[PDB]
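This report concerns only the one structure given below.
What you see below is based on every heavy atom in this structure, not just the backbone, and it leaves out hydrogens, waters and symmetry mates. Sequence positions, counted from 1, serve as the residue numbers for this chain.
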Amino acid sequence: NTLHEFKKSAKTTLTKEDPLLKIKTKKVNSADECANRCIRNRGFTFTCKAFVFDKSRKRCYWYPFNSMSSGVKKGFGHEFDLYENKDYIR
């Protein structure tokens, strides 16, 4: 594949307290499709820095931030895998 453009952290989620932030999410078949959409910024208005793939519900979340962003917290979630675009990891 090409998911090799992301740093994977299993059983992890990203949280950021902010009522004025709607997180893009859709049902998908695999993390791979989520990855392609993120690197290409497919139908986003923002720049995707990371995405979480929900293995249980088969869906992903695309974020305009990653774990090193200000105010973003890394959390534990058994069915969630966090993927961070290496271009934004310093």
Side-chain angles (χ1 to χ4, degrees):
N1 60 58
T2 63
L3 185 287
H4 316 294
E5 292 194 48
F6 295 80
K7 168 186 186 186
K8 179 187 180 185
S9 294
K11 304 186 169 189
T12 305
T13 64
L14 288 185
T15 298
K16 183 185 179 184
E17 295 180 53
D18 188 300
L20 290 179
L21 290 183
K22 48 188 179 180
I23 305 178
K24 183 73 172 182
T25 178
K26 293 188 178 177
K27 296 181 186 186
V28 303
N29 298 301
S30 70
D32 309 284
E33 300 118 17
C34 304
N36 176 270
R37 184 162 184 172
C38 187
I39 61 173
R40 302 231 306 141
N41 286 138
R42 260 269 285 82
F44 306 151
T45 293
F46 57 84
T47 301
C48 180
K49 288 193 175 62
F51 73 86
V52 164
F53 174 64
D54 188 326
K55 285 120 59 64
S56 182
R57 309 180 181 65
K58 294 304 198 64
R59 72 156 61 244
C60 35
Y61 300 78
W62 291 277
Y63 309 89
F65 52 68
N66 61 26
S67 67
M68 306 193 304
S69 298
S70 188
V72 178
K73 293 295 187 183
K74 243 185 166 191
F76 177 94
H78 191 72
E79 71 274 51
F80 303 104
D81 287 333
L82 165 66
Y83 290 84
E84 295 170 298
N85 188 323
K86 287 178 185 175
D87 289 321
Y88 306 94
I89 289 180
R90 185 182 171 301

### Modelled atom types, side-chain donor and acceptor of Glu84 and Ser67, under 3.5 Å
yes
### Beyond-backbone contact of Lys26 with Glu33, side-chain heavy atoms, under 4.5 angstrom
no
### Task
Report the distance from atom NZ of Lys73 to atom OG1 of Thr12, rounding to the nearest 0.5 Å.
14.5 Å
### Task
Mark yes or no: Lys49 above the aromatic ring of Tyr88, with NZ or CZ under 6.0 Å from the six-membered ring centre and no more than 45 degrees from the axis.
yes
### Query
Can you name the nearest heavy-atom pair linking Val28 to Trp62, along with the distance?
CG1-CH2, 4.2 Å
### Message
Let me confirm one number: the CG-CG distance from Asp87 to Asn85, rounded to the nearest 0.5 Å.
### Response
4.5 Å
### Query
Considering all heavy atoms of both residues, which atom of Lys16 and which atom of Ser70 are nearest to each other, and what is their separation?
CE-O, 4.0 Å
### Message
Contact between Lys86 and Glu5 at the side-chain level, heavy atoms closer than 4.5 Å - yes or no?
### Response
no
### Task
With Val72 as reference, evaluate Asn66, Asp18, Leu14 under the side chain to side chain contact (heavy atoms under 4.5 Å, CB included) test and give the passing residue.
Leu14
### Message
Looking at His4, I'd like to know if its NE2 atom is crowded, meaning that more than 12 non-hydrogen atoms belonging to other residues, nucleotides or ligands lie closer than 6.0 Å.
### Response
yes
### Query
Pairs in or reaching into residues 54-90: which pass disulfide bond (SG atoms under 2.5 Å apart), with residues at least two apart or in two chains?
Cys34-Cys60
#### Entry: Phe80 side, atom CZ; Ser9 side, atom OG - distance, nearest 0.5 Å
15.0 Å
### Parallel, tilted or perpendicular: rings of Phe46 and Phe44 (30°, 60°)
parallel
#### Entry: Test item: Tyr83 and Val52 side chains (from C-beta on) under 4.5 Å apart, heavy atoms
no
### Message
Any non-hydrogen side-chain atom of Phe6 less than 4.5 Å from a side-chain atom of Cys38?
### Response
yes
#### Entry: For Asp81 against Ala10, the heavy-atom pair lying closest together
OD1-CA, 3.3 Å
### Message
Taking the side chain as everything from C-beta on, heavy atoms only, tell me whether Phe51 gets closer than 4.5 Å to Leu82.
### Response
no
### Message
Within the structure provided, determine whether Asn29 and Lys58 are in side-chain contact (heavy-atom separation under 4.5 Å).
### Response
no
### Message
Using the salt bridge (charged side-chain N to carboxylate O under 4.0 Å, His left out) criterion, which residues pair with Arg57? Sequence neighbours excluded.
### Response
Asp54, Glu79
#### Entry: Rounded distance [0.5 Å steps], CE in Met68 versus CZ in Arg90
8.0 Å
### Query
Would a line drawn from the ring center of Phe53 to the ring center of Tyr61 be shorter than 6.0 Å?
no
